[PDB]
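Just one chain is shown here, as structure tokens, and it is the form deposited in one PDB entry.
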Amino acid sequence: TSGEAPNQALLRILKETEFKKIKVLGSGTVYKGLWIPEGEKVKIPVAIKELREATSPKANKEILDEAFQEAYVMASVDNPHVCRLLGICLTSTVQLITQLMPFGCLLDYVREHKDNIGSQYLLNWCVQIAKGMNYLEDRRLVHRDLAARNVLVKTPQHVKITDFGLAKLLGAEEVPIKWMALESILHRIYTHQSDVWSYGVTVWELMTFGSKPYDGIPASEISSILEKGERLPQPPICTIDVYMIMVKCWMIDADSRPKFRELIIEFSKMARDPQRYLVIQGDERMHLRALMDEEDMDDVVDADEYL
């Protein structure tokens, strides 16, 4: 009651007996599996991150600080376009349990499905990511690591921002350079407007079907490139309407860049007439079960319907 509000998010501790790992997804080693809350007659698809046991105690506390910090953030947020933490489990190694995003990160998704992503998907993704960031801004959260790789894909129609390792309250105090606002690189300044810049880069990643920003350019130069007024080039499928919104996100005066709530409005306008704003050959002809090896999927509930 001296300024900020108490964070009353619930931190759920889960038992190992309650979830079954099914398959490895990555290596912090991440499994796909199912979580069956005791006595609830539901099966919830989950990602289970089992932390690396770590050799050096300095590496140990680095792993653990990322883990507890992003457990704290994901437990405190609740929005259809941000990833929710379902719980943690304090076995010998700590495990973080999140809602399963079956289709992986969005960068790999647009890379692998270039020839079947239509303009309606692209623009709807832009709207959903801006809704997620607008929610974070409503909660005074600055993400500092927004990128296509940090957007996950529940369905082709539904994505969610993730990876809150670098997040912080707006006013508070204490490295992907090609996604960083200029004032982030020069003065270590981070705001919701620097997130807006990163959002511009992410949209450019999407519109280019996963190209690398400033490909082959060494990070040491990016700062001088940007002070000289250079920016990422207009993607081939982008009308000037879309590209111009993106370019506005990269203006040097952070207060001149658009706001996330403006970006929601503008991309929603454009998603009302997708083919007037992105030009994709064969657009009109583009389309997109037991994910586990379990034969009894009848009681499966998505985390979003259990909550």
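Rigid core (definition): largest C-alpha set, two forms, superposition within 1.5 Å. One rule holds for the numbers: they count along the sequence shown, beginning at 1.
Below, we turn to the form deposited in another entry, even though it does not appear here.
For the set 254, 279, 247, 54, a Cα shift of at least 2 angstroms between the shown form and the other one, after rigid core superposition, holds for 54 and for no other residue.
Comparing the forms between the shown form and the other one, the C-alpha position of residue 82 differs by less than 2 angstroms, with the core used for superposition. A displacement of 2 angstroms or greater separates the C-alpha positions of residue 70 between the shown form and the other one, with the rigid core held in common.
Annotation: Cα of residue 94 displaced by at least 2 Å between the shown form and the other one, core superposition. Compared with the form shown here, the Cα atoms of residue 34 and residue 157 move at least 3 Å farther apart in the other entry.
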